[PDB]
Each structure stands twice: as structure tokens, then as C-alpha cells.
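Engineer: Attaching a single structure in C-alpha cells format; questions to follow.
Note that each Cβ is placed from the backbone with ideal geometry, even for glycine, and that neighbours are counted across all protein chains shown. Quick note: the coordinates plus some simple rules give every number you see, no bench work behind them.
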Amino acid sequence: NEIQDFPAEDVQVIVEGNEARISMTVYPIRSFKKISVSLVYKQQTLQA
Amino acid sequence: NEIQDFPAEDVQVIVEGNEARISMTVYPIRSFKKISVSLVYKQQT
């Protein structure tokens, strides 16, 4: 849980001569610092 | 014996917010004021 998630397919490796080129993507872990709740009231009827 | 009878299924209740709407049916009590008795006579031969 040091990182959120990554796309596995985007981890591409290219080898050519002495150099090795690598490209990847990772979603960074984030910590919550704002929570909003949109509560809405309603009425409901009952029978027996 | 304070009523004659009541159908249980007829009792209905509805609740909506503050109100509580109710309905029911009863057969009310009575005490006899005429009592009739007829007789039939028969024989064997």
C-alpha cells in the first residue's frame, strides 16, 4: 500500500545496444483531506 | 361480551408523518327484547 495502482500493460521495455529504455505509469497514493456528504431527507408512507 | 363480533381483516392502518389513519368494522351489542318459540306435534300409529 505504498502506491495506489498501476496499469500493468503500460510497463514497456525496449532494448537496443547498450541502452535499455523503460516507460511506465503509476498512480500515486493520496491521503484524504476533505470529505463532503450531501444528505437528502425524504418521506415514506406505511400500511399495516 | 361487550360487542357481538368484529372482522379482523377489516382493520387497516396507514401512517404518514404525524397522522395515523385507521379504519375498522364492528357488529354492536344488543339485549333481547322479543323471544319467540313455536312447537310442532307429531304422533306414530
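Engineer: Treating the beta-carbon of each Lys and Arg as +1 and of each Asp and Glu as -1, no other charges, what is the dipole magnitude of chain A about its Cα centre, to the nearest 20 debye?
Structural biologist: 640
Engineer: Apply the Karplus curve 6.51 cos²θ - 1.76 cosθ + 1.60, θ = phi - 60°, to the phi angles in segment B:21-36 and return the couplings in whole Hz, x for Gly and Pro.
Structural biologist: These are the phi-based 3J(HN,Hα) values: 8, 10, 8, 7, 10, 9, 9, x, 6, 8, 10, 4, 10, 9, 10, 10 Hz.
Engineer: Along its principal axes, what span do the Cα atoms of the protein assembly as shown show, with the longest given first and each in whole Å?
Structural biologist: Largest first, the protein assembly as shown extends 136, 50, 17 Å along its Cα principal axes.
Engineer: Which whole-angstrom value gives the distance between the alpha carbon centres of chain A and segment B:15-34?
Structural biologist: The distance from the Cα centre of chain A to that of segment B:15-34 comes to 63 Å.
Engineer: Explain nothing, just the number: relative contact order of chain B, from Cα pairs under 8 Å at least 6 residues apart, as a whole percent.
Structural biologist: The value is 37 percent.
Engineer: Per residue of B:32-38, what is the mean number of Cβ atoms on other protein chains within 10 angstrom of that residue's Cβ?
Structural biologist: For peptide B:32-38, the averaged partner shielding equals 0.
Engineer: If you don't mind, there's one more thing I want to ask. Could you point to the residue in A:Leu39, A:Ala8, A:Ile29 farthest towards the positive end of chain A's charge dipole, with +1 and -1 charges on the Cβ of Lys/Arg and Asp/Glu respectively?
Structural biologist: Farthest towards the positive pole: A:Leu39.
Engineer: Next question, about the same structure. Residue by residue through A:8-21, how many Cβ atoms from other chains fall within 10 Å of the Cβ on average?
Structural biologist: 0
Engineer: Starting with the highest mean, order A:13-19, B:5-11 by the number of other Cβ atoms within 10 Å, averaged over the residues of each peptide.
Structural biologist: B:5-11, A:13-19
Engineer: With N set to the residue count of chain B, report its C-alpha Rg divided by 2.2 N^0.38 Å to two decimal places.
Structural biologist: Output field value: 2.39.
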